[PDB]
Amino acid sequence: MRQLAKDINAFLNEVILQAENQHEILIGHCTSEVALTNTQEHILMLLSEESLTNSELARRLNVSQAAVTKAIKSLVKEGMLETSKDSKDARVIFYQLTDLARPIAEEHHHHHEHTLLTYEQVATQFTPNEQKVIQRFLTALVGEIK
């Protein structure tokens, strides 16, 4: 058996461990001045863009409506979200960010960018030809996992 087979198993183990039960991996520490859960921040990021329903948020976040419901209630309660109505949105009423939430959504967005840039750093340690090999590997691996 090739060493790589064992490396793949250990790698997947490490990924899951690093995910810390969150629905996503982000590189480095959150820098927000208000401590919201990762899921809460991600919601603020998404809603800073799309005015989604709690049901649509749950599908994207891959969680239960209940969890989203709890997240939203907390966000409304903590003054991160408020109800609103305006000509730019078809919805009769939706949750939009308050001024307090703006920097949070922005920070979480920056955190996603930093995460992608980190993978960019990793990718560029390899030649374009080598990157292609790594691409083929991820495709074959993900094909067996799903």
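Numbering starts at 1 and runs along the sequence shown.
Trainee: Comparing 97-105 with 53-61, which has the greater mean CA B-factor as deposited?
Mentor: Between 53-61 and 97-105, it is 53-61 that shows the higher mean C-alpha B-factor.
Trainee: Between 83-91 and 38-46, point out the one with the higher average CA B-factor as the PDB entry records it.
Mentor: Comparing 83-91 with 38-46, the higher mean C-alpha B-factor belongs to 83-91.
Trainee: Taking the values straight from the PDB record, which of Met1, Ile145, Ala140, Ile8 has the highest C-alpha temperature factor?
Mentor: Comparing C-alpha B-factors across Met1, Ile145, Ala140, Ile8, the maximum falls on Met1.
Trainee: Which third of the chain does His112 land in by C-alpha B-factor: lowest, middle or highest?
Mentor: Lowest third - that is where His112 ends up once the chain's C-alpha B-factors are sorted.
Trainee: Within this chain, which third does the Cα B-factor at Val68 fall in: lowest, middle or highest?
Mentor: Highest third, going by the recorded CA B-factors of the chain.
Trainee: Considering every modelled residue of the chain and its Cα B-factor in the PDB entry, is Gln125 in the lowest, middle or highest third?
Mentor: Answer is middle: the recorded C-alpha B-factor places it there.
Trainee: Divide the modelled residues of the chain into thirds by Cα B-factor and specify which third, lowest, middle or highest, holds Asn13.
Mentor: Its C-alpha B-factor, which the entry lists for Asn13, ranks in the lowest third among residues of this chain.
Trainee: Mind checking which third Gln22 falls in for C-alpha B-factor across the chain?
Mentor: Within its chain, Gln22 is a middle-third residue by C-alpha B-factor, going by the deposited values.
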